[PDB]
Structures are given as structure tokens and as C-alpha cells.
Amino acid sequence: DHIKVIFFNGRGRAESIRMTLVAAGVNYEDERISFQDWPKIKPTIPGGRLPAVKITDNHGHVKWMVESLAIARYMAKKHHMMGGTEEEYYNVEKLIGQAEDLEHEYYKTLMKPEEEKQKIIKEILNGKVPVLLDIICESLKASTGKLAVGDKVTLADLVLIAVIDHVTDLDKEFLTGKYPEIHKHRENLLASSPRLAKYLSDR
């Protein structure tokens, strides 16, 4: 099996797929599509949207996967990162749903001109962003372990890291002196996963 991850942006929707693969110790090839090449490549991608995952086997047969968090969930599930009980599974999904709500605020700021981007940033950072970070903080407090859910790595952990990095892309100081539980989550995570720590250090 050759796994290829096809995407536009370096820390976009593909991050959860890449992080999931990295934490599982599964090898993959990154293929980044330029803004210039997209018109040509679009019709070749089932569904016409990125990110997408092209899996090619030993005999050269191709299976396609699309919808970032559907792919992420599938891989996580295969590598035991979707919780170990129905109840852990619920808590993995709760946190993902929370992180995705936060991500959606961030998305409001994306590919807009330097001007409109900063009016939206100011609106969300005084709006749903702190509300959602508080909700995530409380969710983290309720874990039975040191990570988002239980004591071992799940998709919840990886989706959370990616969304937090997005918030700090909007205001680098936003979590400075605040949300100890979030800061602590990342500490505990990089310790449970040398791979991810190594992946994230590089970029």
C-alpha cells in the first residue's frame, strides 16, 4: 500500500490525517497542489475537493478517500485512536465536535485581504473563541487521564493541537497566561508521542 496525502495548505484540513498517520507510525507521501496547478488537477480528484487520500496497492490499483475527518476517523479507528469503549468513543467525538466549532470561527478569517481579515479576527476573539476554549478546557478537566480522552492518544488530541495552532495564528498571545489545561494537554501529548513531538518540532 502506497498512501498519498493530497492537499493545498501546509497546516490545513490535512493536518489531522498526517498527525494520525504520524502517531500510528504509518508512512505516507505528501503531495502539495499549487494554486496554479489546481484547475488541471481538480477534475482528477473524486469530488473535486481537497484534502484527498490516494491509496495505491502492490498491483497498482487505486482506492480514493475524501472528507478529511472521515479519513482521519477511519485511520484512527484502524490504529486504536477512537477510544477503547463506547463511552471513550463518545468523549473522543465530543472533543472533536468542540474543536471543529472553534475551527469554524477561525475559517471565517481565511483567504481574505489584509484588512477584512483583522475585523473578523477581532470579532471572533472577543466572541465564540474564548467561549469555545473554556468549553474545551472543561472537557479536558473531565478526562479520566492526562490526555483529551483517557491516558492514551486519540483523534481528539490531534484535532485539538491543530485547532489551537490556528487560534495562535490569529493572535500569538491569545493563550498567554490563560487556559493552563490546554497548555498542559499539549505537554502531556508530546510526551506520549515522540513521533508527534518530532513531527511538530520540524514543522
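Residue numbers here begin at 1 and follow the sequence given.
- Here 55-63 and 134-142 are compared by their mean Cα B-factor, and 55-63 comes out higher.
- Between 41-49 and 170-178, the higher mean Cα B-factor belongs to 170-178.
- The top Cα temperature factor in the record, among 94, 104, 117, 73, falls on 117.
- Of the candidates 82, 99, 129, 121, the deposited coordinates give 121 the top C-alpha B factor.
- The deposited CA B-factor of residue 8 belongs to the middle third of values across its chain.
- Per the PDB record, residue ranking by Cα B-factor puts residue 34 in the middle third of the chain.
- Among all modelled residues in its chain, residue 17 ranks in the lowest third by Cα B-factor.
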